[PDB]
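This report refers to the structure that appears directly beneath it.
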Amino acid sequence: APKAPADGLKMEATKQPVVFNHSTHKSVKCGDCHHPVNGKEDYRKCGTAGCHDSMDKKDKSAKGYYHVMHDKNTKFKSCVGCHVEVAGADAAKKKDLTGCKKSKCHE
Ligand code: HEM
Ligand code: HEM
Ligand code: HEM
Ligand code: HEM
């Protein structure tokens, strides 16, 4: 069994790094993120060669690194997509979880 890394994983392929914590996501199945590939949950870095390596943010197909972290209507849920769903219409949760600035994700 794969073990979940500690907290404080820095995601830094772009100019706006974000910190991922496995602890605050304990209510999500590993599989909602480390999703099935060729019938089998894949645990390599999202941005691996042949995976979401398209660094062109005005690129909307399955390969886009920006797309998979922010887009709605994606087969598996993006960071922003699932957060929009958790926040509902609560203004405080929308700012912390879905805000583009001054949120838990981006300064
Ligand atoms: C519409 C709302 C948002 C805007 C406009 C925004 C904008 C951006 C931009 C411009 C970048 C850098 C992409 C590059 O230059 O190639 C980025 C990266 C990123 N954003 Fe956002 N962001 C938003 C909200 C959020 C939130 C709330 C989350 C998390 C739940 C988040 C997760 C990320 C991730 C994980 C990265 C990539 C980190 C890296 O590897 O450097 N974003 N975002
Ligand atoms: C016990 C539960 C889970 C397992 C076993 C697990 C395991 C892992 C492992 C082994 C890595 C490091 C991979 C690498 O850098 O080689 C990883 C990274 C990370 N995990 Fe998970 N995780 C689980 C749940 C989650 C969930 C629910 C999500 C989000 C809600 C998540 C999102 C990520 C992200 C985005 C990374 C960093 C990927 C990269 O740096 O590109 N994980 N986790
Ligand atoms: C934490 C890890 C990862 C994240 C956050 C992530 C995110 C996503 C999202 C949101 C989608 C749907 C895109 C859309 O519908 O347009 C997707 C699909 C896809 N991703 Fe990932 N991904 C990760 C890891 C991987 C890696 C390592 C691979 C390659 C082995 C991979 C290959 C694919 C493929 C092939 C698709 C289409 C899946 C299908 O059509 O069943 N993903 N991913
Ligand atoms: C790369 C992956 C994503 C990013 C970067 C990310 C970022 C984080 C952030 C920064 C927090 C606030 C707590 C802390 O700082 O750790 C958090 C909260 C959480 N996220 Fe994510 N998230 C991601 C994926 C998603 C997805 C895909 C889901 C589930 C499908 C989700 C569900 C939640 C929930 C339920 C919480 C707790 C909200 C509450 O305590 O306020 N997240 N996320």
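We name chains A, B, ... following the order of the structure tokens; residues begin at 1 in each chain, and ligands are numbered from 1 as shown.
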Within 10 Å of ligand 1, counting only C-alpha atoms and all ligand atoms: which residues, as a VMD selection string? chain A and resid 10 to 20 46 to 47 54 to 58 64 to 71 78 to 84 94 to 107
Writing out the chosen residues with C-alpha atoms as a PDB file, in the first residue's frame:
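Listing of part-v8.pdb after writing:
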ATOM      1  CA  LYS A  10       4.867  22.219  -2.784  1.00  0.00           C
ATOM      2  CA  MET A  11       3.482  22.008  -6.392  1.00  0.00           C
ATOM      3  CA  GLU A  12       5.791  24.347  -8.373  1.00  0.00           C
ATOM      4  CA  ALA A  13       5.742  23.780 -12.132  1.00  0.00           C
ATOM      5  CA  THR A  14       4.447  27.388 -12.619  1.00  0.00           C
ATOM      6  CA  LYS A  15       4.965  30.903 -11.262  1.00  0.00           C
ATOM      7  CA  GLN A  16       2.135  30.449  -8.751  1.00  0.00           C
ATOM      8  CA  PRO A  17       3.108  27.541  -6.462  1.00  0.00           C
ATOM      9  CA  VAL A  18       0.532  25.930  -4.220  1.00  0.00           C
ATOM     10  CA  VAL A  19       0.908  23.813  -1.107  1.00  0.00           C
ATOM     11  CA  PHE A  20      -0.848  20.424  -0.999  1.00  0.00           C
ATOM     12  CA  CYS A  46       0.328  14.897 -12.395  1.00  0.00           C
ATOM     13  CA  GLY A  47       2.705  16.755 -14.704  1.00  0.00           C
ATOM     14  CA  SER A  54       0.870  20.665 -21.645  1.00  0.00           C
ATOM     15  CA  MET A  55       2.118  23.866 -20.000  1.00  0.00           C
ATOM     16  CA  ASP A  56       0.074  26.082 -22.376  1.00  0.00           C
ATOM     17  CA  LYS A  57      -2.668  27.353 -20.065  1.00  0.00           C
ATOM     18  CA  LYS A  58      -4.866  28.343 -23.005  1.00  0.00           C
ATOM     19  CA  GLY A  64      -3.398  20.695 -19.961  1.00  0.00           C
ATOM     20  CA  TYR A  65      -1.731  21.190 -16.565  1.00  0.00           C
ATOM     21  CA  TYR A  66      -3.679  24.435 -15.954  1.00  0.00           C
ATOM     22  CA  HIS A  67      -6.977  22.822 -17.069  1.00  0.00           C
ATOM     23  CA  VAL A  68      -6.868  19.859 -14.735  1.00  0.00           C
ATOM     24  CA  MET A  69      -6.172  22.092 -11.679  1.00  0.00           C
ATOM     25  CA  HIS A  70      -8.888  24.690 -12.463  1.00  0.00           C
ATOM     26  CA  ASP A  71     -11.584  23.640 -15.044  1.00  0.00           C
ATOM     27  CA  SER A  78     -10.176  19.507 -10.638  1.00  0.00           C
ATOM     28  CA  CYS A  79      -8.896  21.300  -7.457  1.00  0.00           C
ATOM     29  CA  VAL A  80     -11.202  24.249  -8.145  1.00  0.00           C
ATOM     30  CA  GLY A  81     -14.182  22.117  -9.390  1.00  0.00           C
ATOM     31  CA  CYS A  82     -14.442  19.990  -6.292  1.00  0.00           C
ATOM     32  CA  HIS A  83     -13.940  23.101  -4.027  1.00  0.00           C
ATOM     33  CA  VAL A  84     -16.795  24.974  -5.832  1.00  0.00           C
ATOM     34  CA  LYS A  94     -15.858  30.512  -1.528  1.00  0.00           C
ATOM     35  CA  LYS A  95     -13.054  32.985  -0.698  1.00  0.00           C
ATOM     36  CA  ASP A  96     -10.814  30.464   1.104  1.00  0.00           C
ATOM     37  CA  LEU A  97     -11.333  27.551  -1.321  1.00  0.00           C
ATOM     38  CA  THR A  98     -12.150  29.037  -4.751  1.00  0.00           C
ATOM     39  CA  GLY A  99     -10.677  32.621  -4.682  1.00  0.00           C
ATOM     40  CA  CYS A 100      -7.999  33.528  -7.204  1.00  0.00           C
ATOM     41  CA  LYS A 101      -6.307  35.918  -4.794  1.00  0.00           C
ATOM     42  CA  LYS A 102      -6.211  35.956  -0.967  1.00  0.00           C
ATOM     43  CA  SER A 103      -7.338  32.307  -0.822  1.00  0.00           C
ATOM     44  CA  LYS A 104      -5.809  29.171   0.775  1.00  0.00           C
ATOM     45  CA  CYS A 105      -4.345  28.379  -2.596  1.00  0.00           C
ATOM     46  CA  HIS A 106      -2.994  31.682  -3.930  1.00  0.00           C
ATOM     47  CA  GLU A 107      -1.752  34.737  -2.067  1.00  0.00           C
TER      48      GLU A 107
END
Could you find all residues in chain A that DSSP calls strand (DSSP E) from the backbone, and write them as a PyMOL selection string? chain A and resi 9-11+18-20+36-37+40-41
Using only C-alpha atoms, which residues sit within 12 Å of stretch 29-31 of chain A once same-chain residues fewer than 4 positions away are excluded, as a ChimeraX atom specification? /A:1-5,22-23,25,35-37,39-43,76-77
Can you write out the residues you just picked, keeping C-alpha atoms, as a short mmCIF file (atom, residue, chain, number, x, y, z; two decimals), in the first residue's frame?
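Dumped to selection_14.cif:
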data_model
loop_
_atom_site.label_atom_id
_atom_site.label_comp_id
_atom_site.auth_asym_id
_atom_site.auth_seq_id
_atom_site.Cartn_x
_atom_site.Cartn_y
_atom_site.Cartn_z
CA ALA A 1 0.00 0.00 0.00
CA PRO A 2 1.22 3.41 -1.08
CA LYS A 3 1.49 5.72 1.90
CA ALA A 4 0.33 9.37 1.63
CA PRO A 5 3.27 11.78 1.88
CA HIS A 22 -2.83 15.15 2.48
CA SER A 23 -4.20 15.69 5.99
CA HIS A 25 -8.16 15.85 2.34
CA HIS A 35 -7.17 8.42 -10.76
CA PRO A 36 -7.40 5.28 -12.81
CA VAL A 37 -5.12 5.00 -15.80
CA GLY A 39 -7.55 0.41 -15.31
CA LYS A 40 -5.28 1.18 -12.30
CA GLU A 41 -5.02 4.27 -10.00
CA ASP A 42 -1.82 6.12 -11.04
CA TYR A 43 0.37 7.66 -8.31
CA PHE A 76 -12.39 13.58 -12.75
CA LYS A 77 -12.71 16.60 -10.44
#
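Picture a line from atom 12 (C, counted along the ligand's line) of ligand 3 to atom CA of residue A:34; it runs 11.2 Å.
Using only C-alpha atoms for every distance, the candidate list A:45, A:93, A:60, A:26 yields A:60 as the residue closest to residue A:74.
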Going by DSSP on the backbone, which residues of stretch 10-103 of chain A come out as alpha helix (DSSP H)? List them as JSON, numbers by chain. {"A": [65, 66, 67, 68, 69, 70, 79, 80, 81, 82, 83, 84, 85, 86, 87, 91, 92, 93, 94, 95, 96, 97, 98]}
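Put simply, atom 9 (C, counted along the ligand's line) of ligand 4 is 7.4 Å away from atom CA of residue A:24.
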